[PDB]
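[1] Sequence first, structure after, both from an experimental entry:
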Amino acid sequence: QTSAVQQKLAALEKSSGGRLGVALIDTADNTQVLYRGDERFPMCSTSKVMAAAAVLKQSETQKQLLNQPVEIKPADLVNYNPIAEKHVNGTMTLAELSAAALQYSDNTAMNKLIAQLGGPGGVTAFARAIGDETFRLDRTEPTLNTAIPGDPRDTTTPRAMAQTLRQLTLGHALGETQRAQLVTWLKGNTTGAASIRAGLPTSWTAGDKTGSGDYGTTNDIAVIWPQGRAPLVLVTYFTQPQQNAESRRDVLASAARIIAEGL
Ligand SMILES: *[B]([O])([O])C1=C(/[C]=[C]/C([O])=O)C2=[C][C]=[C][C]=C2S1
(Lines give C-alpha, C1' and ligand atoms only; values in the text may rest on other atoms or scores of the structure.)
Protein backbone atom coordinates (compact mmCIF):
# COMPACT_ATOMS: atom_id res chain seq x y z
CA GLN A 1 0.00 0.00 0.00
CA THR A 2 1.04 3.59 -0.72
CA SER A 3 -0.22 6.28 1.67
CA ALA A 4 -0.80 9.97 0.90
CA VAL A 5 2.34 10.75 2.91
CA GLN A 6 4.41 8.19 0.99
CA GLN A 7 3.10 9.66 -2.27
CA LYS A 8 4.12 13.17 -1.18
CA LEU A 9 7.59 11.90 -0.25
CA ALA A 10 7.94 10.21 -3.64
CA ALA A 11 7.01 13.51 -5.34
CA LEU A 12 9.59 15.37 -3.23
CA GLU A 13 12.17 12.74 -4.15
CA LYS A 14 11.35 12.95 -7.86
CA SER A 15 11.77 16.75 -7.91
CA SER A 16 15.05 16.49 -5.96
CA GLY A 17 16.78 14.16 -8.45
CA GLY A 18 18.23 12.05 -5.63
CA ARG A 19 17.24 9.13 -3.40
CA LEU A 20 15.34 9.79 -0.19
CA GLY A 21 14.89 7.49 2.82
CA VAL A 22 12.48 8.24 5.65
CA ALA A 23 11.45 6.45 8.83
CA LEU A 24 9.08 7.86 11.43
CA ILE A 25 8.06 6.20 14.67
CA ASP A 26 5.21 7.95 16.48
CA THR A 27 5.50 6.83 20.12
CA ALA A 28 1.85 7.84 20.73
CA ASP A 29 0.74 4.62 19.04
CA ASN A 30 4.07 3.03 17.89
CA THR A 31 3.00 3.39 14.26
CA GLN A 32 5.61 3.77 11.58
CA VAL A 33 5.75 5.77 8.38
CA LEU A 34 8.55 4.43 5.90
CA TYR A 35 9.78 5.59 2.55
CA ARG A 36 12.55 3.36 1.17
CA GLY A 37 12.69 2.24 4.80
CA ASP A 38 14.65 -0.92 4.04
CA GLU A 39 17.11 0.55 1.54
CA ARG A 40 20.69 1.21 2.62
CA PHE A 41 22.07 4.74 2.86
CA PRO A 42 25.53 6.02 3.88
CA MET A 43 25.23 7.26 7.48
CA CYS A 44 28.08 9.78 7.42
CA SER A 45 28.17 11.71 10.74
CA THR A 46 24.85 10.26 11.92
CA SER A 47 26.99 7.26 12.94
CA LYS A 48 28.42 9.46 15.74
CA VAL A 49 25.26 8.76 17.74
CA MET A 50 26.01 5.02 17.79
CA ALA A 51 29.65 5.60 18.81
CA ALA A 52 28.76 8.03 21.62
CA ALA A 53 26.06 5.64 22.83
CA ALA A 54 28.50 2.71 22.84
CA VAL A 55 30.87 4.72 25.05
CA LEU A 56 27.94 5.68 27.30
CA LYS A 57 27.18 1.94 27.64
CA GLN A 58 30.79 1.27 28.64
CA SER A 59 30.54 4.06 31.25
CA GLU A 60 27.72 2.15 33.02
CA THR A 61 30.32 -0.23 34.45
CA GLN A 62 32.99 2.50 34.84
CA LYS A 63 31.83 5.62 36.74
CA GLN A 64 35.03 7.49 35.78
CA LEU A 65 35.28 6.54 32.09
CA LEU A 66 33.79 9.80 30.84
CA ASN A 67 36.44 11.74 32.77
CA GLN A 68 39.26 9.66 31.25
CA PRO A 69 41.74 11.81 29.29
CA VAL A 70 42.59 10.98 25.69
CA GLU A 71 45.68 12.50 24.07
CA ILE A 72 45.11 14.63 20.97
CA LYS A 73 48.16 14.71 18.71
CA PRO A 74 48.79 16.81 15.57
CA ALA A 75 48.61 13.59 13.51
CA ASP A 76 45.09 12.88 14.85
CA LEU A 77 43.57 15.92 13.16
CA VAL A 78 41.48 14.99 10.15
CA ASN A 79 39.34 17.14 7.81
CA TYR A 80 36.96 18.79 10.28
CA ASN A 81 38.00 19.23 13.89
CA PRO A 82 36.62 22.52 15.30
CA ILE A 83 36.95 21.36 18.92
CA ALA A 84 39.85 18.88 18.82
CA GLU A 85 42.21 21.35 17.10
CA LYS A 86 42.05 23.53 20.23
CA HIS A 87 43.36 20.65 22.32
CA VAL A 88 46.20 19.35 20.13
CA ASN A 89 49.23 18.37 22.27
CA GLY A 90 46.81 18.23 25.22
CA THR A 91 43.94 15.95 26.23
CA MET A 92 40.15 15.74 26.06
CA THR A 93 37.97 13.52 28.22
CA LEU A 94 35.62 10.95 26.67
CA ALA A 95 32.70 13.19 27.70
CA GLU A 96 34.34 16.15 25.91
CA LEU A 97 34.93 13.97 22.85
CA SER A 98 31.32 12.74 22.88
CA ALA A 99 29.97 16.29 23.18
CA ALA A 100 32.30 17.53 20.40
CA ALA A 101 31.36 14.66 18.08
CA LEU A 102 27.63 15.03 18.67
CA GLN A 103 27.18 18.77 18.97
CA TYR A 104 29.84 20.04 16.52
CA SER A 105 30.27 16.92 14.33
CA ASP A 106 34.01 16.91 15.19
CA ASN A 107 35.68 14.12 13.19
CA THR A 108 38.80 13.75 15.34
CA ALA A 109 36.47 13.36 18.33
CA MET A 110 34.61 10.60 16.48
CA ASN A 111 37.88 8.80 15.75
CA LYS A 112 38.71 8.81 19.46
CA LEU A 113 35.31 7.30 20.28
CA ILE A 114 35.91 4.62 17.64
CA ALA A 115 39.39 3.89 19.06
CA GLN A 116 37.97 3.60 22.57
CA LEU A 117 35.62 0.90 21.22
CA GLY A 118 38.48 -0.97 19.47
CA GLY A 119 37.77 0.16 15.92
CA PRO A 120 34.72 0.51 13.66
CA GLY A 121 33.65 -3.08 14.46
CA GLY A 122 33.34 -2.11 18.13
CA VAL A 123 30.60 0.29 17.12
CA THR A 124 28.87 -2.39 15.00
CA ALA A 125 29.13 -4.82 17.94
CA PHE A 126 27.31 -2.37 20.21
CA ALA A 127 24.58 -1.96 17.59
CA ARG A 128 24.12 -5.75 17.54
CA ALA A 129 24.01 -5.84 21.35
CA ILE A 130 21.02 -3.49 21.34
CA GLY A 131 19.15 -5.43 18.65
CA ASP A 132 20.23 -3.54 15.53
CA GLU A 133 21.15 -6.17 12.95
CA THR A 134 21.47 -3.63 10.13
CA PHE A 135 23.91 -0.89 11.17
CA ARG A 136 27.52 -1.37 10.07
CA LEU A 137 30.52 0.86 10.67
CA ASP A 138 33.50 -0.24 8.57
CA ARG A 139 35.82 2.78 8.47
CA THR A 140 36.96 5.78 10.49
CA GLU A 141 36.70 9.49 9.66
CA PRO A 142 36.95 10.79 7.02
CA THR A 143 36.73 7.80 4.68
CA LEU A 144 33.39 6.65 6.15
CA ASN A 145 31.91 9.56 4.11
CA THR A 146 32.76 8.29 0.61
CA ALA A 147 29.05 7.43 0.23
CA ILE A 148 29.55 5.55 -3.05
CA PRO A 149 26.25 4.31 -4.49
CA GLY A 150 25.82 0.56 -3.92
CA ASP A 151 28.63 0.43 -1.34
CA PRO A 152 27.43 -1.30 1.86
CA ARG A 153 30.24 0.15 4.00
CA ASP A 154 29.16 2.53 6.76
CA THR A 155 25.46 2.21 5.94
CA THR A 156 22.17 1.49 7.62
CA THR A 157 18.46 1.61 6.69
CA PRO A 158 16.01 4.29 7.82
CA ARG A 159 13.87 1.65 9.60
CA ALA A 160 16.83 0.30 11.55
CA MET A 161 18.19 3.70 12.60
CA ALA A 162 14.76 4.94 13.71
CA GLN A 163 14.21 1.84 15.87
CA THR A 164 17.70 2.19 17.37
CA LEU A 165 17.37 5.91 18.03
CA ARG A 166 14.09 5.20 19.84
CA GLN A 167 15.68 2.50 22.01
CA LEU A 168 18.66 4.76 22.83
CA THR A 169 16.80 7.99 23.58
CA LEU A 170 13.36 6.88 24.81
CA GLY A 171 13.78 3.17 25.57
CA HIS A 172 16.12 1.14 27.77
CA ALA A 173 19.14 0.40 25.57
CA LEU A 174 21.10 2.63 27.97
CA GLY A 175 20.87 3.17 31.73
CA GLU A 176 18.64 6.06 32.82
CA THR A 177 21.55 8.44 33.55
CA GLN A 178 23.18 7.59 30.21
CA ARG A 179 19.95 7.96 28.21
CA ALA A 180 19.49 11.40 29.79
CA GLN A 181 23.07 12.38 28.89
CA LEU A 182 22.53 11.30 25.28
CA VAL A 183 19.29 13.29 25.05
CA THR A 184 21.02 16.34 26.60
CA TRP A 185 23.79 16.12 23.99
CA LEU A 186 21.39 15.74 21.05
CA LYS A 187 19.22 18.62 22.27
CA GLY A 188 22.31 20.86 22.32
CA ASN A 189 23.29 20.08 18.74
CA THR A 190 24.54 23.16 16.88
CA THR A 191 24.26 21.90 13.29
CA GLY A 192 20.58 21.00 12.91
CA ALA A 193 18.46 24.11 12.28
CA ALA A 194 18.35 23.74 8.46
CA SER A 195 17.47 20.05 8.40
CA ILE A 196 14.59 18.12 10.08
CA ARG A 197 14.01 21.02 12.50
CA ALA A 198 13.38 23.44 9.62
CA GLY A 199 10.32 21.41 8.60
CA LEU A 200 8.73 21.24 12.06
CA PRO A 201 6.35 23.67 13.77
CA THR A 202 8.44 26.19 15.71
CA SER A 203 6.72 25.31 19.03
CA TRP A 204 8.14 21.74 18.89
CA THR A 205 11.46 20.81 20.51
CA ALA A 206 13.97 18.24 19.23
CA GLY A 207 17.47 16.82 19.46
CA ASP A 208 19.23 15.68 16.30
CA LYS A 209 22.44 14.59 14.63
CA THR A 210 23.16 15.63 11.06
CA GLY A 211 25.45 14.04 8.52
CA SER A 212 26.95 15.02 5.21
CA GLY A 213 29.24 13.32 2.77
CA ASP A 214 30.23 12.72 -0.88
CA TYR A 215 27.47 12.19 -3.46
CA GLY A 216 25.74 15.20 -1.86
CA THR A 217 24.75 12.93 0.99
CA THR A 218 22.64 14.92 3.44
CA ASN A 219 21.26 13.21 6.55
CA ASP A 220 19.53 13.91 9.85
CA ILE A 221 18.23 11.73 12.67
CA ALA A 222 16.03 13.27 15.36
CA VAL A 223 14.03 12.71 18.50
CA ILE A 224 11.15 15.17 18.54
CA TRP A 225 8.84 16.41 21.27
CA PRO A 226 5.73 17.94 19.49
CA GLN A 227 3.54 20.36 21.39
CA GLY A 228 1.11 18.41 23.42
CA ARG A 229 1.78 14.81 22.36
CA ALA A 230 4.12 11.83 22.71
CA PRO A 231 7.61 12.06 21.17
CA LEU A 232 8.49 11.09 17.60
CA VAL A 233 11.62 9.55 16.16
CA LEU A 234 12.44 10.63 12.61
CA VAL A 235 15.29 9.73 10.29
CA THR A 236 15.76 11.40 6.90
CA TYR A 237 18.53 10.19 4.60
CA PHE A 238 19.30 11.67 1.19
CA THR A 239 21.95 10.84 -1.39
CA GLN A 240 22.60 11.91 -4.99
CA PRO A 241 24.03 10.36 -8.17
CA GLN A 242 27.09 12.65 -8.70
CA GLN A 243 30.13 12.49 -6.38
CA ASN A 244 30.43 16.26 -6.09
CA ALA A 245 26.72 17.00 -5.62
CA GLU A 246 25.77 19.91 -3.35
CA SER A 247 24.17 19.44 0.09
CA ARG A 248 20.36 19.47 0.15
CA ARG A 249 19.29 20.14 3.73
CA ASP A 250 16.13 21.73 2.31
CA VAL A 251 15.05 18.26 1.09
CA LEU A 252 15.28 16.97 4.67
CA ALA A 253 13.24 19.93 5.93
CA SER A 254 10.63 19.22 3.23
CA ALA A 255 10.43 15.55 4.25
CA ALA A 256 9.98 16.54 7.88
CA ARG A 257 7.23 19.01 6.91
CA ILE A 258 5.38 16.29 4.98
CA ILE A 259 5.67 13.93 7.98
CA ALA A 260 4.44 16.62 10.43
CA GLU A 261 1.46 17.56 8.23
CA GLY A 262 0.53 13.86 7.95
CA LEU A 263 0.10 13.47 11.71
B1 LIG B 1 30.20 13.59 9.11
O2 LIG B 1 31.06 12.33 8.91
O3 LIG B 1 29.01 13.68 8.19
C4 LIG B 1 31.06 14.87 8.64
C5 LIG B 1 30.70 16.25 8.83
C6 LIG B 1 29.57 16.87 9.47
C7 LIG B 1 28.37 16.41 9.14
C8 LIG B 1 27.33 17.33 9.55
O9 LIG B 1 26.16 17.10 9.17
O10 LIG B 1 27.65 18.40 10.14
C11 LIG B 1 31.74 17.14 8.18
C12 LIG B 1 31.76 18.59 8.08
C13 LIG B 1 32.83 19.18 7.41
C14 LIG B 1 33.86 18.41 6.82
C15 LIG B 1 33.85 17.03 6.90
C16 LIG B 1 32.78 16.37 7.57
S17 LIG B 1 32.51 14.70 7.79
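    Nice, thanks for sending it over. Numbers count the residues shown, from 1 in each chain.
[2] Any idea how many residues pack against the nearest residue in space to residue 105 that is not next to it in sequence?
    Take residue 105 and drop its neighbours on the chain: the residue closest to it by CB to CB, 6 or more residues apart in numbering is residue 45, 4.8 Å away. Every C-beta, even on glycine, is put in place using the N, C-alpha and C of the backbone. For residue 45, the number of neighbouring residues by other CB atoms under 10 Å comes to 26.
[3] For residue 209, which non-adjacent residue is spatially closest?
    Nearest non-adjacent residue to residue 209 (CB to CB, 6+ apart): residue 49, at 5.0 Å.
[4] Go ahead and confirm the one you found touches residue 165.
    Yes - counting by CB atoms under 8 Å, residue 165 is a contact partner of residue 49 at 7.0 Å.
[5] Now for the two: what residues contact both?
    Taking CB atoms under 8 Å, 6 or more residues apart in numbering as the contact rule, the neighbours common to residue 49 and residue 165 are residue 221.
[6] for residue 62, phi and psi?
    Dihedral pair for residue 62: phi -140, psi 90, per degrees, to the nearest 10.
[7] Number the residues from 440 up from this point.
    I'll keep to 440 as the first residue from here, and by that count the last item is residue 501.
[8] show me what contacts residue 568?
    residue 496.
[9] check contacts around the residue nearest to residue 648.
    Residue 488 neighbours (CB under 8 Å, 6+ apart): 541, 604, 607, 621, 625, 648, 660.
[10] Spell out which parts of the stretch 540-689 of the chain neighbour the ligand.
    544, 546, 580-581, 584, 630, 649-652 (CB under 6 Å from any ligand atom).
[11] any idea whether the residue nearest the centre of the chain is helix, strand or coil?
    In the chain, the centroid-proximal residue (CA atoms, centre = their mean) is residue 485; its distance is 2.6 Å. Per DSSP: H, G, I helix; E, B strand; the rest coil, the secondary structure class of residue 485 is helix.
[12] OK, now which residue of the stretch 590-702 of the chain is nearest to the ligand?
    Among the residues of the stretch 590-702 of the chain, residue 649 lies closest to the ligand, at 3.2 Å counting by CB to the nearest ligand atom.
[13] counting contacts, what elements does the one helix or strand that residue maps to pack onto?
    In this assignment (DSSP states H and E), residue 649 forms part of strand 644-651. Where contact means 3 or more CB pairs under 8 Å, 6 or more residues apart in numbering; DSSP states H and E, strand 644-651 is packed against helix 615-626, strand 657-664.
[14] Pull out the buried residues from the longest one.
    Looking back up the chat, that one is helix 615-626. 617-618, 620-622, 624-626 (16 or more other CB atoms under 10 Å).
[15] Could you look up the next helix or strand downstream of whichever strand or helix holds residue 488?
    Using DSSP H and E, residue 488 sits in helix 487-498. Using DSSP H and E, the next helix or strand after helix 487-498 towards the C-terminus is strand 508-511.
[16] Buried residues, whatever helix or strand comes next after that next one. List them.
    Where DSSP H and E defines the elements, the next helix or strand beyond strand 508-511 is strand 529-532. For strand 529-532, burial by neighbour count (16+ other CB under 10 Å) applies to residue 531.
[17] show me what contacts the residue of the chain positioned farthest from its centre?
    Going by CA atoms, centre = their mean, the residue of the chain most distant from its centre is residue 528, 29.1 Å out. If a contact means CB under 8 Å, 6+ apart, then residue 528 has 511-513 as its contacts.
[18] Which of the residues you listed sits closest to residue 536?
    Checking the contacts of residue 528 against residue 536 by CB to CB gives residue 511 as the nearest, at 9.0 Å.
[19] count of neighbours near that closest one?
    24.
[20] again with residue 627
    Counted with other CB under 10 Å, residue 627 comes out at 11.
[21] likewise the one 4 residues further on?
    Residue 631 sits with 22 neighbouring residues when counted by other CB under 10 Å.
[22] Would it be right to say that it lies in a strand?
    No - counting by three-state DSSP, residue 631 falls outside a strand, being coil.
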